[PDB]
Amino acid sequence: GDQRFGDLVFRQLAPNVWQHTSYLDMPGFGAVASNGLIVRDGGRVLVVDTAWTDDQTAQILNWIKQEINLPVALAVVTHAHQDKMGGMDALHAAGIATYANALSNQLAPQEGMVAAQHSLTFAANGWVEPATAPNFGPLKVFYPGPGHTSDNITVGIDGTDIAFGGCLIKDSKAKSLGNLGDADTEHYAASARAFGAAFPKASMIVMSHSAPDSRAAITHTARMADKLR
């Protein structure tokens, strides 16, 4: 049930939730997929993560216009890497309010990214401070601790079986944890398990670079990270 729209792919995961997928050719290595989410919440649409580029992210907004036909109220991006924040200009051009971890926004210029318009901050237990995430509807944002990057955050979709681990979680068939260039290998395992504990009701785990998996993806990722300590 994958729908193609331009160079992007869209898959419905639940009555009010879709996965968006965009690709970037990396020289010598080929096209890399990156996933994010689109959530219908009453009379508005919420987006998790941009596509790799501005042009691709504009196509997400175009797809939303056609298939859902409701205004995009806000977007949350899960850390300061190109696959998650590469298309920020397309959102700001459309007047969509954007949110990121304060640390992601602090890092964005160093990473060549455009910072989100707004900053999220987090309690010592990892849950977002409600004052920084107003009107997020079903999006429950959790900072699990450093892992894939120092700033990585995760999102559960309230009222569904779905939680989004971003680039922190790999699927149960994954060989490696991928890019460890920016990673915290000491705390990764604990951060992956913290994401699992934060969303115990989630049975469908969506991640950046694999099709949705079961909760086994969290545990398998944690046990791979265990060996990096």
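So that there is no doubt, residue numbering starts at 1 and follows the sequence shown. By rigid core we mean the largest C-alpha set that fits within 1.5 Å across both forms.
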Which of 37 to 45 and 23 to 31 lies farther, on average, from the shown form in 5 other deposited structures of this protein once the rigid core is superposed (C-alpha RMS)?
-> 23 to 31
With reference to the PDB entry, specify whether the mean Cα temperature factor is higher for 143 to 151 or for 106 to 114.
-> 106 to 114
Mean C-alpha B-factor comparison - 27 to 35 and 189 to 197, higher one = 27 to 35
Could you check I64, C167, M204, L180 and tell me which one carries the biggest Cα B-factor in the deposited entry?
-> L180
Using the entry's values, work out which of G156, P134, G126, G86 has the largest Cα B factor.
-> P134
Assigned third (lowest, middle, highest) for the C-alpha B factor of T57 | lowest
Sorting the chain's modelled residues by C-alpha B-factor and splitting them into thirds places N16 in the highest
Could you tell me which third, lowest, middle or highest, the C-alpha B-factor of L46 occupies within its chain?
-> middle
What third of the chain, by the recorded C-alpha B-factor, contains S214?
-> lowest
